[PDB]
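Chemist: Below: one structure in structure tokens.
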Amino acid sequence: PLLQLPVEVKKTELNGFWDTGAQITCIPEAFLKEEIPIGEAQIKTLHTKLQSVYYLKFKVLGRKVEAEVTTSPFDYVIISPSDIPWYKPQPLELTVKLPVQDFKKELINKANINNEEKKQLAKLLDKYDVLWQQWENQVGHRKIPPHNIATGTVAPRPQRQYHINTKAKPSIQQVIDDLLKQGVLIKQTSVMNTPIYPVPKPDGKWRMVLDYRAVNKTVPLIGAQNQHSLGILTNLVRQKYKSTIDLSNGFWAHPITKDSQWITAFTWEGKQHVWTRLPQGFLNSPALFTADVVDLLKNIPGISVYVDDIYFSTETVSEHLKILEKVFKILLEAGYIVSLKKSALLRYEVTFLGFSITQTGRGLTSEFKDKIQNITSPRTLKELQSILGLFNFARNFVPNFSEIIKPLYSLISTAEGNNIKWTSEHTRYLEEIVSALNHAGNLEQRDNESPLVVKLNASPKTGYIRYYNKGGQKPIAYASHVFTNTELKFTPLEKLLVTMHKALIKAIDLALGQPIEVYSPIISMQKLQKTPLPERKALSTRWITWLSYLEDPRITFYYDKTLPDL
Amino acid sequence: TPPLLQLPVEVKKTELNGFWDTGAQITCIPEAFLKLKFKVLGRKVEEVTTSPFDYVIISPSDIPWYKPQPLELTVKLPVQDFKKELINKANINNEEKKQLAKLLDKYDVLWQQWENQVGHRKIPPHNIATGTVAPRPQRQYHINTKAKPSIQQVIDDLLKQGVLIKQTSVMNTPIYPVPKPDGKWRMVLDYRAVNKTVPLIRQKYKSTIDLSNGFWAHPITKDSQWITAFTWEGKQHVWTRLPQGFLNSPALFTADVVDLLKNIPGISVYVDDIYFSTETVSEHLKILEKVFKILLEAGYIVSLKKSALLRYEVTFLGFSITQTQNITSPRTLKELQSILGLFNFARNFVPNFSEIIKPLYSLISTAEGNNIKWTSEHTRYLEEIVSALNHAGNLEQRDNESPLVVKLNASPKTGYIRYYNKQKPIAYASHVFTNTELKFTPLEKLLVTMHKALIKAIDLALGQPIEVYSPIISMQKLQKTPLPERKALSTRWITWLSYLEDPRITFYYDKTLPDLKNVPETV
DNA sequence: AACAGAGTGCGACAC
DNA sequence: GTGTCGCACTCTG
């Protein structure tokens with residue numbers, strides 16, 4: 001199974017894709033630049049442009065052929081099937097077929113559109129039936145040149161395979177046989193060999209990931225920075241109708257060069273196999289994959305893609321359906337497929353990257369709220385760091401989070417070894433955290449076209465910070481700073497100022513080039529510049545940071561006569 | 001009428017940039033491969049030799065199917081309307097003005113007719129990875145969505161010319177966008193973490209011709225490209241040329257034009273501008289053709305919009321190129337009081353200061369209230385204190401071995417800088433604020449007087465380190481700023497970042513000499 | 001016995 | 001003191 005056909009043009013060799021939807025064979029423009037056009041016809045593209053028809057001879061699979069071609073936007077050949085009536089690809093048969101008709105039916109009934117709009121929806125999914133995952137372990141075929149992932153200078157030491165869990169050996173076995181049939185795996189001896197280590201899932205199945213740490217040591221990390229879960233969450237748009245589309249087995253769609261394949265080798269039940277697409281557990285497999293998908297969809301407005309999960313939102317369902325179809329088409333020509341089960345399209349609210357995007361705003365999921373009620377008091381340091389780490393996820397949703405978490409954070413230094421000094425008063429602290437997070441509010445998004453309002457204030461012990469959009473009533477996020485020992489000795493103004501400094505470090509990124517406005521209990525900034533030196537208790541290096549903000553043009557300050565306290 | 005362009009090549013599973021020269025029928029390729037048959041643009045054919053650089057020369061006789069086309073970007077500037085403006089702005093005699101128009105039109109290949117158009121120097125490419133330890137890759141935050149299509153069009157244009165290519169690198173530099181005056185945005189590359197790992201490298205008729213994006217005309221070697229990488233729309237983009245914001249890119253840029261024009265006397269280039277002056281209009285036009293020819297042959301392109309010529313007045317280095325201390329008397333006690341503070345530094349290095357300064361103290365005390373009476377004799381006793389300080393009073397000569405300390409400050413209408421040597425100063429400075437500068441904020445006033453104090457500083461330094469002392473604070477914070485709070489900077493602080501990234505000069509704030517109300521200099 | 005990003009705090013050592 | 005940079009844990013795909 002090639003699923004890409006060797007095509008030879010002008011004594012050169014490209015790849016030809018057999019497109020049923022191709023009314024005409026296209027061809028890269030570099031080959032038609034010397035030929036004479038024979039006709040002009042409107043040609044269907046993603047963005048129906050009028051192209052010119054040619055007459056060219058070439059050969060596919062080695063057999064001479066010839067017909068009417070046209071210029072292609074890509075470096076590969078789109079093939080009208082009528083141009084090669086002798087060739088016919090066979091269908092696709094793996095192990096377990098999925099209930100794709102059930103996936104569609106489920107996805108429509110959950111859709112928040114009307115019955116007339118629901119019909120428009122139902123037609124669209126039956127139309128792109130070729131786009132949805134139809135078998136277990138079905139992989140797409142990305143039409144990009146293969147990656148050379150073996151960018152190393154020193155060779156890695158081969159690993160002896162260690163123990164595979166017996167409970168996983170049937171699950172991997174089907175995957176390997178399913179991946180072998182689609183050409184993803186190849187039986188091949190190799191210099192390198194790495195251990196296959198399945199990771200569990202909530203369902204009885206198991207994942208194909210491998211201990212690639214030895215290989216990872218000899219390969220440099222790709223420096224691209226295209227995963228920012230917070231930046232997406234804080235900057236996505238939240239109109240009426242929202243939807244998420246989950247790519248399926250995205251790694252296994254990116255081809256890797258043959259010379260780069262040996263580094264992926266692993267041993268399974270006696271024989272040594274070699275990956276052909278980006279394997280899982282490899283250090284550059286994320287950065288390479290997520291680069292391609294985020295590059296593909298950049299021009300789709302209002303979109304947000306995290307690795308293989310795609311969110312967007314519009315106000316009217318009519319536009320949502322147009323953009324949705326545009327997305328499906330871009331994925332299909334690219335060679336990607338979509339898991340319909342993992343995705344949900346058209347709802348007043350949907351959960352994205354661990355938060356629920358309700359019609360009112362970004363909030364904590366019910367699934368998370370159950371996660372935190374169901375914790376017991378910790379017994380070891382690792383347990384303390386897990387309860388702390390889970391709590392930390394929700395930090396932005398309560399005005400004074402950094403207070404109630406401090407008594408728990410302090411317990412890890414006083415603890416010696418893994419044993420910890422938990423008290424009845426300590427458990428009480430744990431309960432207060434959960435109740436505030438239980439009753440925690442709903443968070444706003446960042447208006448990328450409006451100034452950033454940052455309202456700050458401080459008490460003798462800690463300093464509080466809330467962010468808003470100019471005139472916005474619900475905050476984007478909460479923050480607060482516990483004054484350390486050295487900060488406590490500061491004058492009340494210097495406490496306000498070290499609170500402001502810790503805000504602006506964050507608020508500079510939050511503005512996205514917009515202006516910034518500061519509301520504070522400080523009457524005038526100019527009197528602060530001339531505060532007597534025998535009055536300022538903090539060091540001079542802390543006062544150059546604070547005074548520098550008065551010189552930044554992107555920020556102005558304001559006095560707000562609201563909520564003083566001490 | 002835009003000019004020709006290069007073509008992508010690839011030989012033996014190796015990606016390379018390729019260039020077309022009409023002359024040679026012998027292609028040449030880097031020798032490292034040759035321990036014949038290869039593809040260019042996708043089509044493949046076979047007669048080569050070795051090349052001087054990592055670049056490839058193609059034989060045009062080898063690829064008949066390829067006929068180059070005029071250069072096409074996204075936005076075409078009105079080249080003729082720029083040409084007529086420089087004609088109409090030329091305060092020169094009319095028949096000569098028409099003759100210059102004829103010369104300007106003759107070189108439609110030197111001017112830029114395309115937004116974000118780049119040139120190309122046939123110089124050997126620059127090895128800019130001259131550090132020893134690699135910079136730590138840097139993280140990136142989400143970009144303002146309104147800023148993306150502006151930057152995307154700029155990147156799309158740079159990709160089509162081959163300036164930017166999509167390549168994965170080990171390193172990564174942040175990118176932050178900033179508003180332009182119009183509705184578009186501008187891309188900034190925050191190369192500080194990169195910069196810290198690499199070693200640092202007049203008459204009647206006047207004119208200023210300004211090269212356009214000269215940085216992007218300098219090829220950089222292939223093994224030095226990885227360090228320039230930034231991540232746009234989730235893919236890493238690598239520069240094939242000197243990037244804006246790199247350390248040694250301004251130095252390597254202007255060092256090329258001064259040597260291009262080394263044989264022409266009287267030139268004065270600064271970063272991106274070119275300065276020439278002549279006695280007549282006949283000589284002025286003869287040098288234009290001489291200078292324009294060198295630029296074309298080398299490979300730059302100049303923007304007619306940003307240039308000015310044949311004017312009795314031009315601007316250059318922030319000043320006015322015209323044709324070919326002291327104060328004003330005080331009115332209230334506040335003016336006189338800020339005078340005493342100005343010269344309070346001099347009590348240390350001047351022997352007879354107490355007696356000269358005694359007039360001032362007596363006037364402040366005798367006249368109660370805010371209404372001061374200052375006799376016309378007091379005005380003359382300041383006339384001596386000015387002239388006494390500048391002439392020769394305890395002024396040490398510049399020591400070429402020691403670093404230079406410069407303390408600057410400004411009044412509302414005038415600016416006052418001074419220079420020491422790591423017991424008394426070297427020399428003094430004075431700037432009167434123009435009508436545009438007079439409307440600035442006191443910070444902005446105190447800021448132009450630093451630029452000007454720094455042009456003389458780099459002159460009087462003779463290469464030594466520099467220490468700047470001003471009432472500007474964020475200068476010193478920007479100098480040493482901890483990396484958790486590094487972040488992005490506002491437009492004004494970028495130009496001074498270029499000065500700041502210099503490991504030789506250091507900025508300080510000392511809090512001395514306030515003078516909010518000092519009467520201006522004499523007219 | 002896997003990967004990458006985001007986030008947080010702690011903590012030994014630097015200066 | 002302020003500051004680096006490695007570690008721990010959590011979340012996301």
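Identifiers in this document derive from the order of the structure tokens: chains are assigned A, B, ..., residues are numbered from 1 separately in each chain, and ligands are numbered from 1 in order of occurrence.
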Please provide as a list in words all residues within 9 Å of residue 8 in chain C, with the sequence filter that same-chain residues fewer than 6 positions apart are discarded (counting only C-alpha atoms (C1' of nucleotides)).

Modeler: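 Non-adjacent residues within range: residues 388, 389, 392 and 393 of chain A; 9 and 10 of chain D.
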
Chemist: Can you tell me which residues surround residue 13 in chain C at a distance of at most 12 Å, considering only C-alpha atoms (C1' of nucleotides), apart from same-chain residues fewer than 6 positions away, and format the answer as a list in words?

Modeler: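 These residues fall inside the cut-off: residues 3, 4, 5 and 6 of chain D.
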
Chemist: Compile the contact shell of residue 197 in chain B as number ranges by chain: residues with an atom at most 12 Å away, counting only C-alpha atoms (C1' of nucleotides), same-chain residues fewer than 4 positions apart removed.

Modeler: B: 128-136, 191-193, 227, 246-248, 501, 503

Chemist: Give me a file of those residues, with N, CA, C and O atoms, as a PDB file, in the first residue's frame.

Modeler:
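Now in result.pdb:
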ATOM      1  N   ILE B 128      28.045  35.102  11.179  1.00  0.00           N
ATOM      2  CA  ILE B 128      27.608  35.852  12.351  1.00  0.00           C
ATOM      3  C   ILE B 128      27.538  35.004  13.612  1.00  0.00           C
ATOM      4  O   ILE B 128      27.300  35.555  14.699  1.00  0.00           O
ATOM      5  N   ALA B 129      27.731  33.689  13.510  1.00  0.00           N
ATOM      6  CA  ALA B 129      27.709  32.843  14.695  1.00  0.00           C
ATOM      7  C   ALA B 129      29.075  32.815  15.364  1.00  0.00           C
ATOM      8  O   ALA B 129      29.643  31.741  15.593  1.00  0.00           O
ATOM      9  N   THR B 130      29.599  33.990  15.699  1.00  0.00           N
ATOM     10  CA  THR B 130      30.963  34.120  16.190  1.00  0.00           C
ATOM     11  C   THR B 130      31.075  33.965  17.702  1.00  0.00           C
ATOM     12  O   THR B 130      32.132  34.270  18.263  1.00  0.00           O
ATOM     13  N   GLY B 131      30.026  33.490  18.368  1.00  0.00           N
ATOM     14  CA  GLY B 131      30.112  33.172  19.777  1.00  0.00           C
ATOM     15  C   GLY B 131      30.710  31.798  20.012  1.00  0.00           C
ATOM     16  O   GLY B 131      31.014  31.043  19.086  1.00  0.00           O
ATOM     17  N   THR B 132      30.889  31.472  21.290  1.00  0.00           N
ATOM     18  CA  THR B 132      31.394  30.163  21.682  1.00  0.00           C
ATOM     19  C   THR B 132      30.377  29.312  22.421  1.00  0.00           C
ATOM     20  O   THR B 132      30.383  28.091  22.258  1.00  0.00           O
ATOM     21  N   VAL B 133      29.511  29.917  23.227  1.00  0.00           N
ATOM     22  CA  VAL B 133      28.415  29.210  23.875  1.00  0.00           C
ATOM     23  C   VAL B 133      27.116  29.620  23.194  1.00  0.00           C
ATOM     24  O   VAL B 133      26.953  30.775  22.780  1.00  0.00           O
ATOM     25  N   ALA B 134      26.208  28.662  23.046  1.00  0.00           N
ATOM     26  CA  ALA B 134      24.960  28.927  22.350  1.00  0.00           C
ATOM     27  C   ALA B 134      23.968  29.633  23.272  1.00  0.00           C
ATOM     28  O   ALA B 134      23.956  29.397  24.483  1.00  0.00           O
ATOM     29  N   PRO B 135      23.129  30.506  22.722  1.00  0.00           N
ATOM     30  CA  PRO B 135      22.095  31.142  23.545  1.00  0.00           C
ATOM     31  C   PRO B 135      21.010  30.144  23.911  1.00  0.00           C
ATOM     32  O   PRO B 135      20.626  29.291  23.106  1.00  0.00           O
ATOM     33  N   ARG B 136      20.526  30.249  25.143  1.00  0.00           N
ATOM     34  CA  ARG B 136      19.410  29.416  25.566  1.00  0.00           C
ATOM     35  C   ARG B 136      18.172  29.771  24.747  1.00  0.00           C
ATOM     36  O   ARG B 136      17.854  30.959  24.598  1.00  0.00           O
ATOM     37  N   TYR B 191      16.424  40.327  20.173  1.00  0.00           N
ATOM     38  CA  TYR B 191      17.661  39.563  20.080  1.00  0.00           C
ATOM     39  C   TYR B 191      18.613  39.775  21.262  1.00  0.00           C
ATOM     40  O   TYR B 191      19.806  39.491  21.108  1.00  0.00           O
ATOM     41  N   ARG B 192      18.143  40.243  22.423  1.00  0.00           N
ATOM     42  CA  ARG B 192      19.067  40.526  23.523  1.00  0.00           C
ATOM     43  C   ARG B 192      19.739  39.254  24.021  1.00  0.00           C
ATOM     44  O   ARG B 192      20.968  39.198  24.152  1.00  0.00           O
ATOM     45  N   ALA B 193      18.944  38.222  24.320  1.00  0.00           N
ATOM     46  CA  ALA B 193      19.512  36.948  24.747  1.00  0.00           C
ATOM     47  C   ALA B 193      20.458  36.390  23.697  1.00  0.00           C
ATOM     48  O   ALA B 193      21.394  35.656  24.028  1.00  0.00           O
ATOM     49  N   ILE B 227      20.985  30.757  14.401  1.00  0.00           N
ATOM     50  CA  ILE B 227      20.875  31.575  15.602  1.00  0.00           C
ATOM     51  C   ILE B 227      19.863  32.704  15.424  1.00  0.00           C
ATOM     52  O   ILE B 227      19.363  33.248  16.417  1.00  0.00           O
ATOM     53  N   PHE B 246      19.985  42.438  15.390  1.00  0.00           N
ATOM     54  CA  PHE B 246      21.206  41.713  15.691  1.00  0.00           C
ATOM     55  C   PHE B 246      22.298  42.685  16.132  1.00  0.00           C
ATOM     56  O   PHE B 246      22.275  43.875  15.808  1.00  0.00           O
ATOM     57  N   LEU B 247      23.268  42.160  16.880  1.00  0.00           N
ATOM     58  CA  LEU B 247      24.355  42.982  17.400  1.00  0.00           C
ATOM     59  C   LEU B 247      25.211  43.567  16.284  1.00  0.00           C
ATOM     60  O   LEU B 247      25.211  44.784  16.067  1.00  0.00           O
ATOM     61  N   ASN B 248      25.943  42.709  15.571  1.00  0.00           N
ATOM     62  CA  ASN B 248      26.919  43.142  14.577  1.00  0.00           C
ATOM     63  C   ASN B 248      26.312  43.362  13.197  1.00  0.00           C
ATOM     64  O   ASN B 248      27.025  43.278  12.190  1.00  0.00           O
ATOM     65  N   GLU B 501      22.923  47.494  24.200  1.00  0.00           N
ATOM     66  CA  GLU B 501      23.502  46.175  23.967  1.00  0.00           C
ATOM     67  C   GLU B 501      25.021  46.218  23.854  1.00  0.00           C
ATOM     68  O   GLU B 501      25.676  45.187  24.046  1.00  0.00           O
ATOM     69  N   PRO B 503      28.411  46.254  25.044  1.00  0.00           N
ATOM     70  CA  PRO B 503      28.990  45.932  26.358  1.00  0.00           C
ATOM     71  C   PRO B 503      30.032  46.934  26.827  1.00  0.00           C
ATOM     72  O   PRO B 503      30.520  46.809  27.958  1.00  0.00           O
TER      73      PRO B 503
END

Chemist: Running DSSP on the backbone, which parts of range 220-432 of chain B land in strand (DSSP E), as a JSON list (two decimals) with N, CA, C and O atoms, in the first residue's frame?

Modeler:
[["chain", "number", "residue", "atom", "x", "y", "z"],
["B", 230, "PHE", "N", 13.29, 32.66, 14.63],
["B", 230, "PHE", "CA", 12.13, 33.02, 15.43],
["B", 230, "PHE", "C", 10.94, 32.19, 14.96],
["B", 230, "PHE", "O", 10.95, 31.62, 13.87],
["B", 231, "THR", "N", 9.90, 32.14, 15.79],
["B", 231, "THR", "CA", 8.76, 31.26, 15.56],
["B", 231, "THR", "C", 7.53, 32.11, 15.24],
["B", 231, "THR", "O", 7.00, 32.80, 16.12],
["B", 232, "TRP", "N", 7.08, 32.05, 13.99],
["B", 232, "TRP", "CA", 5.90, 32.77, 13.53],
["B", 232, "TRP", "C", 4.86, 31.77, 13.07],
["B", 232, "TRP", "O", 5.15, 30.90, 12.24],
["B", 235, "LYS", "N", 5.74, 28.00, 13.07],
["B", 235, "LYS", "CA", 6.87, 27.50, 12.32],
["B", 235, "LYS", "C", 8.06, 28.45, 12.49],
["B", 235, "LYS", "O", 7.89, 29.67, 12.51],
["B", 236, "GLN", "N", 9.24, 27.86, 12.63],
["B", 236, "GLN", "CA", 10.46, 28.63, 12.82],
["B", 236, "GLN", "C", 10.92, 29.21, 11.48],
["B", 236, "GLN", "O", 11.04, 28.48, 10.49],
["B", 237, "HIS", "N", 11.18, 30.51, 11.46],
["B", 237, "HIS", "CA", 11.69, 31.20, 10.29],
["B", 237, "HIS", "C", 13.14, 31.59, 10.51],
["B", 237, "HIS", "O", 13.48, 32.17, 11.55],
["B", 238, "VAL", "N", 13.99, 31.28, 9.54],
["B", 238, "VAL", "CA", 15.42, 31.54, 9.61],
["B", 238, "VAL", "C", 15.76, 32.65, 8.61],
["B", 238, "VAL", "O", 15.26, 32.66, 7.48],
["B", 239, "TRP", "N", 16.60, 33.59, 9.04],
["B", 239, "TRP", "CA", 17.04, 34.68, 8.19],
["B", 239, "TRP", "C", 18.22, 34.25, 7.33],
["B", 239, "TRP", "O", 19.17, 33.65, 7.83],
["B", 268, "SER", "N", 29.74, 60.96, 4.13],
["B", 268, "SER", "CA", 29.49, 60.76, 5.56],
["B", 268, "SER", "C", 28.22, 59.92, 5.68],
["B", 268, "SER", "O", 27.11, 60.47, 5.63],
["B", 269, "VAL", "N", 28.37, 58.61, 5.84],
["B", 269, "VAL", "CA", 27.24, 57.72, 5.99],
["B", 269, "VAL", "C", 27.02, 57.46, 7.48],
["B", 269, "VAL", "O", 27.97, 57.35, 8.26],
["B", 270, "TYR", "N", 25.75, 57.40, 7.88],
["B", 270, "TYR", "CA", 25.37, 57.00, 9.22],
["B", 270, "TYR", "C", 24.26, 55.96, 9.11],
["B", 270, "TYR", "O", 23.25, 56.22, 8.45],
["B", 273, "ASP", "N", 21.57, 56.27, 6.26],
["B", 273, "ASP", "CA", 21.63, 57.44, 5.39],
["B", 273, "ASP", "C", 22.97, 57.54, 4.67],
["B", 273, "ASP", "O", 23.93, 56.82, 4.97],
["B", 274, "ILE", "N", 23.02, 58.45, 3.70],
["B", 274, "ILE", "CA", 24.24, 58.80, 2.97],
["B", 274, "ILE", "C", 24.25, 60.32, 2.86],
["B", 274, "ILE", "O", 23.23, 60.92, 2.51],
["B", 275, "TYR", "N", 25.39, 60.94, 3.18],
["B", 275, "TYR", "CA", 25.50, 62.39, 3.15],
["B", 275, "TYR", "C", 26.58, 62.83, 2.17],
["B", 275, "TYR", "O", 27.72, 62.34, 2.23],
["B", 276, "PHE", "N", 26.22, 63.75, 1.28],
["B", 276, "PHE", "CA", 27.15, 64.36, 0.35],
["B", 276, "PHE", "C", 26.80, 65.83, 0.21],
["B", 276, "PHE", "O", 25.63, 66.22, 0.32],
["B", 277, "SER", "N", 27.82, 66.66, -0.02],
["B", 277, "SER", "CA", 27.64, 68.09, -0.20],
["B", 277, "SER", "C", 28.60, 68.56, -1.28],
["B", 277, "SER", "O", 29.66, 67.97, -1.49],
["B", 278, "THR", "N", 28.21, 69.63, -1.97],
["B", 278, "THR", "CA", 28.98, 70.12, -3.11],
["B", 278, "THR", "C", 28.94, 71.64, -3.13],
["B", 278, "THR", "O", 28.11, 72.27, -2.48],
["B", 308, "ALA", "N", 16.37, 62.83, 0.37],
["B", 308, "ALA", "CA", 16.24, 64.25, 0.05],
["B", 308, "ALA", "C", 17.54, 64.73, -0.59],
["B", 308, "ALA", "O", 18.62, 64.25, -0.24],
["B", 309, "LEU", "N", 17.42, 65.68, -1.52],
["B", 309, "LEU", "CA", 18.59, 66.09, -2.29],
["B", 309, "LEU", "C", 18.35, 67.46, -2.93],
["B", 309, "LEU", "O", 17.21, 67.92, -3.06],
["B", 310, "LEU", "N", 19.46, 68.09, -3.32],
["B", 310, "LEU", "CA", 19.49, 69.44, -3.95],
["B", 310, "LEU", "C", 18.71, 70.43, -3.07],
["B", 310, "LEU", "O", 17.94, 71.23, -3.64],
["B", 311, "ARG", "N", 18.90, 70.37, -1.75],
["B", 311, "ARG", "CA", 18.21, 71.29, -0.86],
["B", 311, "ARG", "C", 19.23, 72.15, -0.12],
["B", 311, "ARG", "O", 20.28, 71.65, 0.30],
["B", 314, "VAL", "N", 19.00, 70.07, 4.71],
["B", 314, "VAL", "CA", 18.68, 68.67, 4.89],
["B", 314, "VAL", "C", 18.73, 68.35, 6.38],
["B", 314, "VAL", "O", 19.09, 69.20, 7.20],
["B", 315, "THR", "N", 18.36, 67.12, 6.73],
["B", 315, "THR", "CA", 18.52, 66.61, 8.08],
["B", 315, "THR", "C", 19.34, 65.33, 8.04],
["B", 315, "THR", "O", 19.27, 64.55, 7.09],
["B", 316, "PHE", "N", 20.12, 65.13, 9.10],
["B", 316, "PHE", "CA", 21.12, 64.07, 9.14],
["B", 316, "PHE", "C", 21.68, 63.95, 10.56],
["B", 316, "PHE", "O", 22.09, 64.96, 11.15],
["B", 319, "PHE", "N", 20.11, 66.37, 13.24],
["B", 319, "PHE", "CA", 20.32, 67.81, 13.21],
["B", 319, "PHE", "C", 19.83, 68.39, 11.89],
["B", 319, "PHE", "O", 19.19, 67.71, 11.07],
["B", 320, "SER", "N", 20.13, 69.67, 11.67],
["B", 320, "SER", "CA", 19.91, 70.33, 10.40],
["B", 320, "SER", "C", 21.26, 70.72, 9.81],
["B", 320, "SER", "O", 22.08, 71.33, 10.50],
["B", 321, "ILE", "N", 21.48, 70.36, 8.55],
["B", 321, "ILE", "CA", 22.71, 70.74, 7.85],
["B", 321, "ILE", "C", 22.42, 72.08, 7.17],
["B", 321, "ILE", "O", 21.90, 72.15, 6.06],
["B", 404, "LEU", "N", 35.65, 57.35, 29.76],
["B", 404, "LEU", "CA", 35.03, 58.66, 29.69],
["B", 404, "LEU", "C", 33.71, 58.64, 30.44],
["B", 404, "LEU", "O", 32.85, 57.79, 30.18],
["B", 405, "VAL", "N", 33.54, 59.58, 31.36],
["B", 405, "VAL", "CA", 32.30, 59.77, 32.11],
["B", 405, "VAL", "C", 31.62, 61.02, 31.58],
["B", 405, "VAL", "O", 32.26, 62.06, 31.43],
["B", 406, "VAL", "N", 30.32, 60.91, 31.31],
["B", 406, "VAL", "CA", 29.54, 62.02, 30.76],
["B", 406, "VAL", "C", 28.28, 62.19, 31.60],
["B", 406, "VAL", "O", 27.48, 61.25, 31.74],
["B", 407, "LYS", "N", 28.11, 63.38, 32.18],
["B", 407, "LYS", "CA", 26.93, 63.73, 32.95],
["B", 407, "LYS", "C", 26.14, 64.77, 32.18],
["B", 407, "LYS", "O", 26.67, 65.85, 31.88],
["B", 408, "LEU", "N", 24.90, 64.46, 31.85],
["B", 408, "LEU", "CA", 24.07, 65.32, 31.02],
["B", 408, "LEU", "C", 22.77, 65.66, 31.75],
["B", 408, "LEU", "O", 22.35, 64.97, 32.68],
["B", 409, "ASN", "N", 22.15, 66.75, 31.31],
["B", 409, "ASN", "CA", 20.90, 67.24, 31.86],
["B", 409, "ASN", "C", 20.38, 68.31, 30.90],
["B", 409, "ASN", "O", 21.11, 68.75, 30.01],
["B", 410, "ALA", "N", 19.13, 68.70, 31.09],
["B", 410, "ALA", "CA", 18.50, 69.66, 30.19],
["B", 410, "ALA", "C", 17.60, 70.61, 30.96],
["B", 410, "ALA", "O", 17.07, 70.27, 32.02],
["B", 414, "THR", "N", 16.96, 74.63, 26.84],
["B", 414, "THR", "CA", 18.34, 74.32, 26.49],
["B", 414, "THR", "C", 18.77, 73.04, 27.21],
["B", 414, "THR", "O", 18.13, 72.58, 28.15],
["B", 415, "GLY", "N", 19.88, 72.47, 26.73],
["B", 415, "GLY", "CA", 20.44, 71.28, 27.34],
["B", 415, "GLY", "C", 21.91, 71.47, 27.66],
["B", 415, "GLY", "O", 22.64, 72.14, 26.94],
["B", 416, "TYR", "N", 22.34, 70.84, 28.75],
["B", 416, "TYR", "CA", 23.69, 71.00, 29.27],
["B", 416, "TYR", "C", 24.28, 69.64, 29.60],
["B", 416, "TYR", "O", 23.83, 68.97, 30.54],
["B", 417, "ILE", "N", 25.30, 69.24, 28.85],
["B", 417, "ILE", "CA", 26.06, 68.03, 29.14],
["B", 417, "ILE", "C", 27.49, 68.43, 29.49],
["B", 417, "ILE", "O", 27.94, 69.54, 29.21],
["B", 418, "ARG", "N", 28.20, 67.50, 30.13],
["B", 418, "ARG", "CA", 29.61, 67.71, 30.42],
["B", 418, "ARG", "C", 30.31, 66.35, 30.45],
["B", 418, "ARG", "O", 29.67, 65.31, 30.58],
["B", 419, "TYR", "N", 31.64, 66.39, 30.31],
["B", 419, "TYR", "CA", 32.45, 65.19, 30.18],
["B", 419, "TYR", "C", 33.65, 65.27, 31.11],
["B", 419, "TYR", "O", 34.33, 66.31, 31.15],
["B", 431, "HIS", "N", 22.72, 72.47, 23.62],
["B", 431, "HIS", "CA", 21.72, 72.28, 22.58],
["B", 431, "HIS", "C", 20.48, 73.11, 22.89],
["B", 431, "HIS", "O", 19.94, 73.04, 24.00],
["B", 432, "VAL", "N", 20.05, 73.89, 21.91],
["B", 432, "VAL", "CA", 18.80, 74.64, 22.00],
["B", 432, "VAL", "C", 17.70, 73.81, 21.35],
["B", 432, "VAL", "O", 17.89, 73.25, 20.26]]

Chemist: Determine which residues of range 418-550 of chain A DSSP labels as alpha helix (DSSP H) from the backbone of this structure, then write them out as a ChimeraX atom specification.

Modeler: /A:424-438,485-488,492-511,525-529,540-550

Chemist: Contacts from chain B to chain D, 10 Å maximum, only C-alpha atoms (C1' of nucleotides): show me the residue list as a list in words.

Modeler: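 Here is what falls inside 10 Å: residues 482, 483 and 484 of chain B.
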
Chemist: With a cut-off of 12 Å and counting only C-alpha atoms (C1' of nucleotides), select all residues of chain B in contact with chain C and give the selection as a list in words.

Modeler: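 Residues satisfying the distance criterion: residues 139, 140 and 141 of chain B.
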
Chemist: Using only C-alpha atoms, find the residues of chain B whose closest atom to chain A is at most 7 Å away, then write them as an NGL selection string.

Modeler: :B and (41-44 or 65-66 or 137 or 139-145 or 168-172 or 177-178 or 231 or 233-236 or 473-474 or 477 or 485 or 490)

Chemist: Give me the residues near residue 391 in chain B as a ChimeraX atom specification, where near means some atom within 12 Å (using only C-alpha atoms (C1' of nucleotides)) and where sequence neighbours in that chain fewer than 2 positions away do not count.

Modeler: /B:325,384-389,393-396,425-428

Chemist: I'd like to know which of A:15, A:249, A:151, A:72 is closest to chain D, using only C-alpha atoms (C1' of nucleotides).

Modeler: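 Nearest candidate to chain D out of A:15, A:249, A:151, A:72: A:249.
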